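Take a look at the structure below.
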Amino acid sequence: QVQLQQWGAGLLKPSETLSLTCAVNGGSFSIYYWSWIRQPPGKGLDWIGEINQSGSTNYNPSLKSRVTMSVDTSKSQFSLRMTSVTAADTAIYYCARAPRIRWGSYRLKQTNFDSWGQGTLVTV
Amino acid sequence: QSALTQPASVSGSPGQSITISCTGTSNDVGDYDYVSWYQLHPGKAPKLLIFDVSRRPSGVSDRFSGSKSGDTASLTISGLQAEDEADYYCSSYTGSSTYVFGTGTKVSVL
Amino acid sequence: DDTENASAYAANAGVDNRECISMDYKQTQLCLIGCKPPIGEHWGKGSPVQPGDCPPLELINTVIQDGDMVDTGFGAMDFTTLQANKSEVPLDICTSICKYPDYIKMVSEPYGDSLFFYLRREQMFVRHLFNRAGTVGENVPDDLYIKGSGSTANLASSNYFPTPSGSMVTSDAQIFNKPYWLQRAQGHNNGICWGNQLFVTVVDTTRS
Amino acid sequence: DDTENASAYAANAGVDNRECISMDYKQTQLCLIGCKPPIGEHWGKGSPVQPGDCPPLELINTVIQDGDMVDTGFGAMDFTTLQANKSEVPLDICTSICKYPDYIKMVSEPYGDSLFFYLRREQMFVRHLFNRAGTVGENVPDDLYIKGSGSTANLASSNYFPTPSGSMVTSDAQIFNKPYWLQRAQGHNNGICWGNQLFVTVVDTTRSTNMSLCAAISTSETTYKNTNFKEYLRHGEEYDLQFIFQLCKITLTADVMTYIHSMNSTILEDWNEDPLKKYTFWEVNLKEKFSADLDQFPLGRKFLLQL
Amino acid sequence: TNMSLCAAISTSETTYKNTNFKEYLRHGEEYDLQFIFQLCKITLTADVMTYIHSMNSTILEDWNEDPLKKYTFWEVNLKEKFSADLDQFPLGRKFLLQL
Amino acid sequence: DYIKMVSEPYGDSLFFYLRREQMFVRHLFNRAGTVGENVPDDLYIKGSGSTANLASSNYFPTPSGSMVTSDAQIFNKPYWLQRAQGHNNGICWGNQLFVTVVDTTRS
């Protein structure tokens, strides 16, 4: 595992643009992916997207219309953006590692999340 | 793509053996063993319990077990205790290269 | 992929799955001596088509010249024209022609000028069993397998290729530093150097 | 999964565990010469229960033909019928028959027409040790092991199979590109080509290199893209057969005629439909390619040097 | 070389299922024994008879229960397989050429 | 320098020599320093993303002597210098000899 960090626009207003950043500590990106997960009140957990070192990004089909991501290896940090924040965008955001790898050219292994962050509260 | 569907409230007496049993589709749970579990104490980082349906990481209670049958996964608890007092969220990797989450379920010691 | 065994790999890139790979080549030694330049054989683009179709193959005979590469274990073929990828084979033959001596012709010509002596010594074995990346030009017939479901819905690439290996170079198996006496030529030219010429073709991959 | 040694990740069971796997084959080199087609043997389905029961197993002799696959380290058997799974063996033999020459039968036959002379070389070592998937045909007897508990409560598949490997191909071990002299054969037929025919069977897996072959759909791409290139495979074979034939004459006495009729009645009729015209052979015609000046050819020169 | 061979429970299947196939192992051995025998004769003098009796008492008795009726051997019977003409068989031809 | 020593006009430097070598590559590694000579742009197709920059192309193997066996030993045997290759037939001019020995089978 590794150590994650959180800091971003905790307080927002409708129609603003949300910006997040997370800094990996005690480790490096390696060949693993890194994703964002949020827990709006009265909901479960909603997956956002993921990004590895090389710039490859996967996004949630519903939320990809407003979500964008980028990475930087210099300071060991990957950031997020989500424009047009509404009331439903309030949630305790989290940063998680995805140790998913391919095994045998057909099926994957270690598809879980881990290295969960403590969480950050964002309210619109 | 779609949230996984679960028994949102579950309960048992101290020392009972209860299973969170949780339902999906062929594209996420049926043809793939990419099922994982999470434990959410109040306002804390989610704690991975089981990955790859029946694999346990280090530092987790051996009382926790994993199983799968058809489209329905399960997370079995043996000897219900204090530490079991927490939310439970399932997860899966769909064939369409997306991640999914359950409704959440909450345990209760009677 | 590495199809020898179920390996562990990073999350697939999807496009441009190319790696930095190296291999030791097949071992070879030969020494042809004649009064005419030797003859070599290699597969090239043959007689004549949607883009991407398989080029026709043809066995071409051409005079071997100084600096022409030798067969390396990937076959004697004209990589430049037969592989537009330019990344199928190592760096020193990706834009060259690997030629093999044409012993049949060089022994069957009437006067036997091109060849009245030759030794050969070559050995190899497969070290690794890899897989190619790219669109399949010829899908596997449906008669040879049963359709899968889920993970195995789409077949993996079936263009396998081995990486050669020359095994051990040893001193007792040496052809050179040793005199050969040309007292009885195989053919009809018994060592006569017509035109006051010779042509000694030598290949030695045990001092590479 | 791999049983040779414990691995980091093990198959998660399921419904389909098939993997993309390749191996180099057993190395072989053989050359049979005779005036009758060679004979081969393989294990095929025998005389004929519940669905999925083990097929009866029988040994069958059949004439070897051009294109018939040689044994490759998985045994000489009729995969098409003995493996309904259709995925037990590599792609080029999963729907074919691997025939092995019946040396015993060919040598022991009364007249020795099928084998004037023969050479063979083989070698292989196990490269990897694997496991099979599917329902167990016969359960392991309970007296050969002690029941486990927990994970070990269920036995793992015990249907092991190795993947062969040919090891090194070297120039000193070659069989071909050398002249074989048939001055004395094993059998009674001392090189006579009854019916004006020969049959040269050859297997040579030491020149089995396939040529990767690629083409580009469009040349406008300045950066590499997997979708832009089509891949192919090809294989090229080259042969050249040289022969030296010595003329012979037969006196047609009563005893000789009766003997030749008993041996094969076709010869006498010839000397005044084709039974073999149901098989596929690489027809080679030498009717217009006989020349009496031996020294003009390399094999002729070698023959003259040694008589 | 054990040969894996399997049979499908149901042939009306479109997708591969592990439960739809049963796997078996089998092994086949093939032998062919050829012998060349030579006839010999023994004179039954007193000394020869006593020596043979010391060597093995059963020889003379048989020359008028099976002691080895406790073991499992692949019985092979050659009582009807003897033929004088050696040149008709390959081992016989080799033996003749070796003399 | 076998060629030069054998080609000597007088043959003083070499009456008699034996040699036995064997080697095979054990591993295939890569070098780290900055590339002295860039790979020509016409020997490959330019990549993108992760493959934008080429990996180091200065390969080097690590040798291996393979098996040392007693049947292949050269030493502990008498060599009779009946006839030298050169013109000096064993004569030790100046009352000197030079015996060069290399033996990596006892290391």
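By order in the structure tokens, chains are A, B, ...; within a chain, residues start at 1; ligands start at 1, following the order shown.
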Can you write out as JSON lines which residues of chain D fall within 7 Å of chain C, alongside each residue's closest atom pair and its distance in Å to one decimal, counting only C-alpha atoms and ordering rows by chain and ascending residue number?
{"residue": "D:20", "atom": "CA", "partner": "C:3", "partner_atom": "CA", "distance": 6.1}
{"residue": "D:21", "atom": "CA", "partner": "C:3", "partner_atom": "CA", "distance": 4.8}
{"residue": "D:22", "atom": "CA", "partner": "C:3", "partner_atom": "CA", "distance": 5.7}
{"residue": "D:23", "atom": "CA", "partner": "C:4", "partner_atom": "CA", "distance": 6.7}
{"residue": "D:86", "atom": "CA", "partner": "C:145", "partner_atom": "CA", "distance": 5.8}
{"residue": "D:87", "atom": "CA", "partner": "C:145", "partner_atom": "CA", "distance": 6.3}
{"residue": "D:91", "atom": "CA", "partner": "C:144", "partner_atom": "CA", "distance": 6.8}
{"residue": "D:94", "atom": "CA", "partner": "C:144", "partner_atom": "CA", "distance": 6.8}
{"residue": "D:95", "atom": "CA", "partner": "C:144", "partner_atom": "CA", "distance": 6.7}
{"residue": "D:167", "atom": "CA", "partner": "C:125", "partner_atom": "CA", "distance": 5.9}
{"residue": "D:168", "atom": "CA", "partner": "C:125", "partner_atom": "CA", "distance": 4.7}
{"residue": "D:169", "atom": "CA", "partner": "C:123", "partner_atom": "CA", "distance": 5.6}
{"residue": "D:170", "atom": "CA", "partner": "C:123", "partner_atom": "CA", "distance": 4.2}
{"residue": "D:171", "atom": "CA", "partner": "C:122", "partner_atom": "CA", "distance": 5.4}
{"residue": "D:209", "atom": "CA", "partner": "C:75", "partner_atom": "CA", "distance": 6.4}
{"residue": "D:211", "atom": "CA", "partner": "C:75", "partner_atom": "CA", "distance": 6.2}
{"residue": "D:213", "atom": "CA", "partner": "C:83", "partner_atom": "CA", "distance": 5.7}
{"residue": "D:214", "atom": "CA", "partner": "C:83", "partner_atom": "CA", "distance": 4.6}
{"residue": "D:215", "atom": "CA", "partner": "C:52", "partner_atom": "CA", "distance": 4.8}
{"residue": "D:216", "atom": "CA", "partner": "C:52", "partner_atom": "CA", "distance": 5.1}
{"residue": "D:217", "atom": "CA", "partner": "C:52", "partner_atom": "CA", "distance": 4.5}
{"residue": "D:224", "atom": "CA", "partner": "C:16", "partner_atom": "CA", "distance": 6.4}
{"residue": "D:225", "atom": "CA", "partner": "C:16", "partner_atom": "CA", "distance": 5.8}
{"residue": "D:226", "atom": "CA", "partner": "C:134", "partner_atom": "CA", "distance": 4.9}
{"residue": "D:227", "atom": "CA", "partner": "C:135", "partner_atom": "CA", "distance": 5.7}
{"residue": "D:229", "atom": "CA", "partner": "C:134", "partner_atom": "CA", "distance": 5.9}
{"residue": "D:230", "atom": "CA", "partner": "C:135", "partner_atom": "CA", "distance": 4.9}
{"residue": "D:231", "atom": "CA", "partner": "C:137", "partner_atom": "CA", "distance": 5.6}
{"residue": "D:232", "atom": "CA", "partner": "C:137", "partner_atom": "CA", "distance": 6.0}
{"residue": "D:233", "atom": "CA", "partner": "C:159", "partner_atom": "CA", "distance": 6.9}
{"residue": "D:297", "atom": "CA", "partner": "C:108", "partner_atom": "CA", "distance": 6.9}
{"residue": "D:298", "atom": "CA", "partner": "C:108", "partner_atom": "CA", "distance": 6.6}
Give me the residues within 12 Å of residue 177 of chain C as an NGL selection string, counting only C-alpha atoms and dropping any in the same chain fewer than 6 places off. (:C and (31 or 171 or 204)) or (:F and (2-3 or 6))
Sort by chain and increasing residue number a table of all residues of chain D within 12 Å of chain A, each with its closest pair of atoms and their distance in Å to one decimal, counting only C-alpha atoms, and write it as JSON lines.
{"residue": "D:1", "atom": "CA", "partner": "A:104", "partner_atom": "CA", "distance": 10.6}
{"residue": "D:2", "atom": "CA", "partner": "A:104", "partner_atom": "CA", "distance": 11.9}
{"residue": "D:8", "atom": "CA", "partner": "A:103", "partner_atom": "CA", "distance": 10.7}
{"residue": "D:9", "atom": "CA", "partner": "A:109", "partner_atom": "CA", "distance": 8.4}
{"residue": "D:10", "atom": "CA", "partner": "A:103", "partner_atom": "CA", "distance": 10.1}
{"residue": "D:11", "atom": "CA", "partner": "A:107", "partner_atom": "CA", "distance": 10.0}
{"residue": "D:12", "atom": "CA", "partner": "A:109", "partner_atom": "CA", "distance": 9.9}
{"residue": "D:14", "atom": "CA", "partner": "A:107", "partner_atom": "CA", "distance": 11.8}
{"residue": "D:16", "atom": "CA", "partner": "A:106", "partner_atom": "CA", "distance": 10.7}
{"residue": "D:17", "atom": "CA", "partner": "A:106", "partner_atom": "CA", "distance": 9.3}
{"residue": "D:18", "atom": "CA", "partner": "A:106", "partner_atom": "CA", "distance": 8.8}
{"residue": "D:19", "atom": "CA", "partner": "A:104", "partner_atom": "CA", "distance": 6.7}
{"residue": "D:20", "atom": "CA", "partner": "A:105", "partner_atom": "CA", "distance": 7.3}
{"residue": "D:21", "atom": "CA", "partner": "A:104", "partner_atom": "CA", "distance": 9.1}
Near chain C, meaning an atom within 12 Å, which residues of chain F appear when counting only C-alpha atoms? Write them as a ChimeraX atom specification. /F:2-3,6,18-30,39-67,72
Restrict the distance test to only C-alpha atoms, flag each residue of chain B within 9 Å of chain C, and return the flagged residues as a VMD selection string. chain B and resid 26 to 27 30 to 32 95
Take the residues from that selection and write them out as a PDB file, in the first residue's frame, keeping N, CA, C and O atoms.
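Printed below is part-v2.pdb as written:
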ATOM      1  N   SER B  26     -24.837 -10.422 -15.200  1.00  0.00           N
ATOM      2  CA  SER B  26     -23.834 -11.281 -15.815  1.00  0.00           C
ATOM      3  C   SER B  26     -22.562 -10.505 -16.126  1.00  0.00           C
ATOM      4  O   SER B  26     -21.452 -11.022 -15.959  1.00  0.00           O
ATOM      5  N   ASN B  27     -22.705  -9.258 -16.576  1.00  0.00           N
ATOM      6  CA  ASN B  27     -21.569  -8.486 -17.063  1.00  0.00           C
ATOM      7  C   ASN B  27     -20.622  -8.038 -15.959  1.00  0.00           C
ATOM      8  O   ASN B  27     -19.524  -7.569 -16.273  1.00  0.00           O
ATOM      9  N   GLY B  30     -21.497 -12.152 -12.749  1.00  0.00           N
ATOM     10  CA  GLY B  30     -21.734 -13.486 -13.260  1.00  0.00           C
ATOM     11  C   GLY B  30     -20.505 -14.126 -13.870  1.00  0.00           C
ATOM     12  O   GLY B  30     -20.013 -15.142 -13.370  1.00  0.00           O
ATOM     13  N   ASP B  31     -19.999 -13.538 -14.951  1.00  0.00           N
ATOM     14  CA  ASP B  31     -18.867 -14.097 -15.678  1.00  0.00           C
ATOM     15  C   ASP B  31     -17.523 -13.693 -15.091  1.00  0.00           C
ATOM     16  O   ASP B  31     -16.492 -14.179 -15.566  1.00  0.00           O
ATOM     17  N   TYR B  32     -17.504 -12.826 -14.085  1.00  0.00           N
ATOM     18  CA  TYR B  32     -16.267 -12.306 -13.524  1.00  0.00           C
ATOM     19  C   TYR B  32     -16.287 -12.450 -12.012  1.00  0.00           C
ATOM     20  O   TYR B  32     -17.325 -12.248 -11.376  1.00  0.00           O
ATOM     21  N   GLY B  95     -17.226  -5.709 -17.346  1.00  0.00           N
ATOM     22  CA  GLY B  95     -16.487  -5.944 -18.571  1.00  0.00           C
ATOM     23  C   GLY B  95     -16.318  -4.706 -19.426  1.00  0.00           C
ATOM     24  O   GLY B  95     -15.440  -4.677 -20.295  1.00  0.00           O
TER      25      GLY B  95
END
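In this comparison, which uses only C-alpha atoms, the residue of B:77, B:16, B:45, B:35 approaching chain A most closely is B:45.
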Find the residues around residue 90 of chain B up to 7 Å (only C-alpha atoms counted), leave out those fewer than 2 positions away in its own chain, and share them as a ChimeraX atom specification. /B:36-38,88,101-102
Would you pick out the contacts of residue 53 of chain A at 9 Å or less, using only C-alpha atoms, so that residues sharing its chain but fewer than 5 positions from it are not included, and give the list as number ranges by chain? A: 29-33, 71-73; F: 50
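The two atoms in question, atom CA of residue 34 of chain B and atom CA of residue 110 of chain A, are spaced 8.1 Å apart.
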